[PDB]
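Some notes on the structure that comes next.
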Ligand SMILES: Nc1ncnc2c1ncn2[C@@H]1O[C@H](COP(=O)(O)OP(=O)(O)O)[C@@H](O)[C@H]1O
Ligand SMILES: Nc1ncnc2c1ncn2[C@@H]1O[C@H](COP(=O)(O)OP(=O)(O)O)[C@@H](O)[C@H]1O
Ligand SMILES: [Zn+2]
Ligand SMILES: [Zn+2]
């Protein structure tokens, strides 16, 4: 129910990439959840190239108001 | 994973009861989810007494970082 989705949009917007601190985070939809990763796509691909997993991670959010 | 819980604490704190606009919302833990209701307990009980379901509702949040 759309008020939940609006919260998820707010939460996404206020959390820039943990590495570059400017770009928005990468994300994906998996089944009924939104997965927000810690970094943008550029910084994540770079983290593999440099050998750092320090900022790897994510959090999952239910995209519906009722579980 | 505790960073998720910290977000849920922020989201809860910034959303006063939709009716009285001052008190924090009622909530409950159901299985792996946090249910945040639209109103505080006082306003919800009052809504039954006055016959208004306008502000009845809730949103559910996964309490873990990985779904
Ligand atoms: N953009 C990113 N920023 C930080 N960590 C990421 C990013 N993309 C993938 N990861 C990490 O890489 C791993 C793989 O994630 P993912 O592909 O979503 O796994 P799954 O197989 O469960 O769908 C996870 O630890 C995830 O946190
Ligand atoms: N404090 C409250 N504020 C607004 N609506 C509420 C409140 N408490 C209960 N409700 C509403 O009353 C109904 C019953 O909720 P609940 O007891 O959590 O149902 P369930 O049987 O699924 O566990 C729902 O529509 C819920 O949104
Ligand atoms: Zn970045
Ligand atoms: Zn109230």
Which residues, taken from segment A:15-35, are over 10 Å from the mean Cα position of the chain (by Cα) and either within 16 Å of ligand 4 (Cβ to nearest atom) or at the interface with chain B (Cβ under 10 Å from one of its Cβ atoms) (or both)?
A:30, A:31, A:32, A:33
Go through segment B:1-56 and report how many residues are part of a loop (DSSP other than H, G, I, E, B) and within 16 Å of ligand 1 (Cβ to nearest atom).
2
Can you name every residue in segment B:36-63 that is within 12 Å of another protein chain (Cβ to nearest Cβ) and near ligand 2 (Cβ under 6 Å from one of its atoms)?
B:37, B:38, B:57, B:58
Any residue in segment B:2-13 that is within 13 Å of ligand 4 (Cβ to nearest atom) and under 18 Å from residue A:8 (Cβ atoms)?
no
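Neighbour counts are summed over all protein chains in view; Cβ atoms, including those assigned to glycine, are modelled from backbone coordinates with ideal geometry. Read-outs: derived from the displayed coordinates by stated rules, not from any lab.
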